[PDB]
Amino acid sequence: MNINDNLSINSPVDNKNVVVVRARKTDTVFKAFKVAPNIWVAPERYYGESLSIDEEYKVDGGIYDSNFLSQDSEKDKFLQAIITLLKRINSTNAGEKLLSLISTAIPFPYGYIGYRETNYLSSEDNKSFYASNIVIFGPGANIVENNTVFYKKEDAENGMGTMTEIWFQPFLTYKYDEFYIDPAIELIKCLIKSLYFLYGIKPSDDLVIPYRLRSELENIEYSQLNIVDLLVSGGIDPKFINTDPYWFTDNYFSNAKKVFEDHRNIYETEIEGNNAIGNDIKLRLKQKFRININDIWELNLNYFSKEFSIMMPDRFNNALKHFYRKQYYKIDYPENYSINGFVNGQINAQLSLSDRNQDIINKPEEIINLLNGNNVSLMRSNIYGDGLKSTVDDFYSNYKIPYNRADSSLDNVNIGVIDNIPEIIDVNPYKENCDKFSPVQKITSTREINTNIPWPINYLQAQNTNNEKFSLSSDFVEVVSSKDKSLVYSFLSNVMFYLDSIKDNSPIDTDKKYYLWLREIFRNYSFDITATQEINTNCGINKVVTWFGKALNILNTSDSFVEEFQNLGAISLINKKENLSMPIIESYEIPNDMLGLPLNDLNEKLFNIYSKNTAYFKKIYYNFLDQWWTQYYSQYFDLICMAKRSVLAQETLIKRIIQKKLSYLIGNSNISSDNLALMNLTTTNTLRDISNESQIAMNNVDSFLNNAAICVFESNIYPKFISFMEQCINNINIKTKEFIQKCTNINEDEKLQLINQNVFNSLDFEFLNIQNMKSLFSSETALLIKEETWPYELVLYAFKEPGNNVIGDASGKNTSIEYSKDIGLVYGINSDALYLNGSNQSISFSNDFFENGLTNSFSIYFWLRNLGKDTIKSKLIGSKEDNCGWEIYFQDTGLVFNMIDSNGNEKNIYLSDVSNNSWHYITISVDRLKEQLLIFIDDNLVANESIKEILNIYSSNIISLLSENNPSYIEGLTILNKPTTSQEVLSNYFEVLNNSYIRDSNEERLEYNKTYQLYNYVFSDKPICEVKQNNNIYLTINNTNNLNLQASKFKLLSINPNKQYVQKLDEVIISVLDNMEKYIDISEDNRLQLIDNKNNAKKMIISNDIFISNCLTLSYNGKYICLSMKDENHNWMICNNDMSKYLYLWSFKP
Amino acid sequence: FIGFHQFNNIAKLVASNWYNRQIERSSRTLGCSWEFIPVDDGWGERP
């Protein structure tokens, strides 16, 4: 937004927004650009760290380049990139507040020996000083590591506040699961942390909580994380430390709040209103103190993740180096990334791999040496540490849970007010405002350990080859003992089986043969990788990943991993089973000063102790939950990551196999040039289909393993808690009974009632909530991912604005819509429907998915009402190019669904009787895994066919809705990337159908004051007619063929003039036009008759059956309306409850 | 639909067709979803 855009690396020094300033007290100088008040960008490498460092000091996962950001071209690209990111952050209210706060967050000034500011940059000549809170540099030595440093440690810890330097890397990002890290949130993290430095609230380096149990190591060792980073970094982890009530504290919090008030006070009494100071400072201060210290502690990435709809890693996100090997991708501004973030979002952005990936330093935490019986090395695998500092030592054992207790954080930031504070111009500099910057040096220790039993990291490593030629094998021992060594380890049974079945076959020559091959390759991969089996466990039914044991070598010694896991339980999957440490408590003593109190006071004082206690219980439980997360979940998340890596390794093998075959045919074969072209385009789509299938599998292992971890809490941790708690309340119960007996000033009847009031039982501490356990893993990110990856490729919406008709796509995909300007909208079934006139009107939807291919599945559905005239075959909707793809046609009285591949194979299927000028729900389902086509009309399944004979349907990326020659209505058009089942169709159809509206015979909304004819469900072609008997007139139907009774004309009336459409439960008056207007009444015989006087008219309740879409029911005083027995012969309309259910269904036809 | 929008620092109640362009449940955080709280004996603070 209004971040300063006017800068380039060649911008001249103006001494206002572009300066050349000294770095701390060094001899070194650098150029800085002011992008916002008090906020500068210095587009070079951080000055404080040497660019070339000794090999011994290079950290794992680091990339070291001394010539990076050396050139002017690079520097500008940097400067623009940061400016771009700050613009994105400022373009959303949340991040706009963050920047505004940071801007006004200037550190507290020192006093006379008038006031001296510590936040400024010095000109080289040291006669000019520029206000700065924040300065953003490029990386230090390691060019993938962001950093946030303080100008002066003392001022960062003492409540004054200190300037903050940031080291940032806009040009590289990595993939985590299905998404790219968004540098915008990575920068927001650095910015949030600076808040701690600007306020002078930086905690001791020693204030540190347990993060991850290092379950990789033979010994007991924890990784720790400073409170600052935990609170800022977001994700799930913090939910365990930050709790209500708090089980974890430190003087830091209470003291920070204390000093903050001291400084606020110094401001209030002295600085504010002091004319010796000036607004650019005191006004900013006033805003800095509108905040509460708690607001900063409560502020973190999870909040911006949500406000910006940015995906971020949500679990152990400061330990990722251990769980993951990062692969870096280049980001170019603004081609890849702009003020709206990644072009095409974090999932589908097209980013190039960095050539730097090969320069990444690899320094394992430990190395797993796998030998054989002869003590010779088969394999050496790497395990990487998280980077965090460790122990020392065990926190849970020595931590006492305190018995005595002593959303939005940016709400109080005012953007308008802050933006009107003149910039700080005259600065009176405080001389020593900074520390000599001292670079951190780190030597990385590596452990070698030997095993005759393959670890998961071994089985993983065996799933990679650099061999251009390789063979899949299911024997791990054979793979690593290979005399080839061409073998690579694979669990894909269906794929390996298929590859073997075709081993002896004549080579692939036709394109048709390539497709048949590629398709079977795809189906089998899907079957292998998405395999799950539901099992009964201690805690329930879990959907188990079938190949898990064969992948990681876990419970793999059986012939089946699944049954062995059902047997041994969730805890059998991890290496360290007993990590718990019973927490140290605060022992229970009731004061000796209450011994003589009177009842009322004794009473209400034990009530206080009762609450403190039950709160204390809750704290203990929390402590157990944190240990679970740290000690146990950490190990299941390791399993999740390794399992996910296994899936990628396998996927890679598959793609390489496919790529080789395609590459080979293109290399030497007689396949037509144009043919190869299609093959290339098509295979690409298949490779996407393979990732989508891989993704389903990576979700499978996430649910499976998360459930397991939760089962371990119920089955293993929780019961240890319950043990500890009944020892605890057994004690408390004792001491409280002994206390009450020793009470002097109360009687014996009082003692018994009191002991009873104050006694604890197990229910007081049974806190397990399984739904809460499960909800832990639903983060903003998990949700965002769901919405980005759901099956909708097109969801058509339409509505009427004043003077405008709106049509759009809600799928959240890339769909582009182009349509005739004059297309009209009309209310359909549940919403506005598009009207196509058949002549000039058309609409078209564009999505790369729409082209289909060989291997993808999809569903098309929509509501359609056709004013049916001609029988002649006419395009309605379809996607076709080069005579491939699919089309739905109007033909005869029906539709035709057509499907045709590049080899000429066709589906041409007539769907009878769809143009009655009544709404119909069309569902078409194409399933390549089951090779099955399904076509539904309304609630019926009209076609079920094999499509094994249809191969490559690649079409354009455009679906065209033409509706040639047949004016029609189309509503709720949807495209899905998955097949549809019959349950889903029924659910879609009926759910949409009950919106409270009653419908006419055509399923259009029933209207008041509109003329209809009335028909009973049982005789559907016979309209109600009027007949007089004794000088008065009744309602019947015509069973004497052409007795020339005239169809009677009906109109529904409402007590409310403003009411237009008829709804479920409405009160109604039925009228008829004969000579005058006649209104319906009930006789004493319960036979309906037309009368003279609206006053006497009976008010009836109209309603409908949820499963009968075009029909309605009518009742009076609970008595429903139906057709009588034969009489005259005539069948009278009667109010009676004893007839067959079918006779109570009516419909109005206009 | 009735919802709210930031104007300066004020969150003003708004009818905006931007909602009607959206699919049903999107996130858990809508802005066009409301609750109607009647005075109830079961809650009973001082109005």
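Conventions and cut-offs
- Residues numbered from 1 in each chain as written, not as in the entry; some residues may be left out.
- Chains lettered and ligands numbered in written order.
- Part of a larger assembly, values for the part shown.
- Heavy atoms only, no water.
- UniProt positions renumbered as here; feature names shortened; annotations may be inferred.
- Disulfide = S-S within 2.5 Å.
- Helix = DSSP H or I, 4+ residues; strand = E, 2+ residues; numbered from the N terminus.
- Buried < 20%, exposed > 50% of the residue type's maximum accessible area, 1.4 Å probe, protein only.
- Salt bridge = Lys/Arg side-chain N within 4 Å of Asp/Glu carboxyl O.
- Pairing = 2+ DSSP bridges.
- Axes fitted to C-alpha atoms, helices over the stretch in contact; angles between N-to-C directions.
- Domains from an automatic or database assignment.
- Core = buried A, V, L, I, M, F, W, Y, C linked by side-chain atoms within 4.5 Å.
- Contact = heavy atoms within 4.5 Å.

Method of determination, as given in the entry header: X-ray crystallography; reported resolution: 3.90 Å.

Looking at the PDB entry, one finds chain B named BoNT/A, with Clostridium botulinum as its source organism.

Per the PDB entry, chain A carries the name NTNH and comes from Clostridium botulinum. Annotation of chain A in UniProt includes, under Function (literature references left out), the sentence "Assembles with botulinum neurotoxin type A (BoNT/A) and protects it against pH-mediated inactivation or protease activity at pH 2.6 (the pH of the animal gastrointestinal tract) but not at pH 6.0. Necessary for neurotoxicity." Looking at the Sequence similarities heading of the UniProt record, one finds this comment for chain A: "Belongs to the botulism non-toxic nonhemagglutinin family."

J.: What's the story with the UniProt feature "disulfide bond" in chain A in this structure? I'm lost.
T.: Residue and element names in this part refer to chain A. A separation of 2.0 Å between the sulfurs of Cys539 and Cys711 falls under 2.5 Å, matching the UniProt disulfide annotation for this pair. Of this pair, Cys539 sits in the loop between β21 (532-536) and β22 (541-545) while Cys711 sits in helix α22 (residues 673-741), placing them 172 residues apart in sequence. What makes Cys539 partly exposed here is its relative accessible area of 30%.

J.: Help me understand the pattern of salt bridges, please; the structure alone is not making it clear to me.
T.: Any two side chains of opposite charge can pair, on the condition that their charged atoms come close. All names here are of chain A. For the coordinates displayed, the defined rule picks out 45 salt bridges over all chains. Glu931 is the partner of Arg523 in a salt bridge, and the nearest nitrogen-oxygen pair spans 3.6 Å. Residue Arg523 is found in helix α18 (residues 511-529), and its partner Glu931 is found in the loop between β34 (920-927) and β35 (932-937); the two are separated by 408 residues along the sequence. One salt bridge in this structure joins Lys644 and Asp702, with 3.5 Å as the shortest N-O distance. In this pair, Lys644 sits in helix α21 (residues 599-667) while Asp702 sits in helix α22, placing the two residues 58 residues apart along the sequence. Note on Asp702: relative accessible area 15%, which makes it buried. Here the salt bridges share partners, and the residues they tie into one network are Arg212, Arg214, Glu216, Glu221, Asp386 and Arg447.

J.: Which parts of the structure should I look at to understand the sheet that holds strand β33 (residues 906-911) of chain A?
T.: Strand pairing within a sheet occurs via backbone hydrogen bonds; the two strands may be parallel or antiparallel. Residue and element names in this part refer to chain A. If you walk across this open sheet you meet the seven strands as β25-β28-β37-β30-β31-β32-β33, and the pairing is antiparallel. Looking at the sheet topology across the chains shown, the edges are occupied by β25 (816-819) and β33. Ignoring strand direction, the axes of neighbouring strands in this sheet form an average angle of 10°.

J.: Hey, could you run me through the domain arrangement of chain A in this one?
T.: Think of interface size as the accessible area that goes away when the parts come together; that is how it is often given. As assigned here, chain A comprises domain 1 (1-458), domain 2 (459-789), domain 3 (790-994) and domain 4 (995-1150). A C-alpha centroid distance of 51 Å is found between domain 1 of chain A and domain 3 of chain A.

J.: What should I look at first to understand the nonpolar core in this one?
T.: Within soluble globular proteins, side chains that are nonpolar tend to cluster in buried spots. Residue and element names in this part refer to chain A. Residues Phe548, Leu573, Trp628 and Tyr636 are the most contacted members of the largest nonpolar core, which totals 226 residues. The greatest single-element share of this core, amounting to 27 residues, is contributed by α21. For this core, the domains that each give at least three residues are domain 1 (1-458) and domain 2 (459-789). Apart from residues lying up to four places away in sequence, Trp628 is in contact with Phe240, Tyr633, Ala709, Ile710, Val712, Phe713, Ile717, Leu776 and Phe777. By size, the runner-up hydrophobic cluster in this structure holds 42 residues, among which are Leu825, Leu834, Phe849 and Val926.

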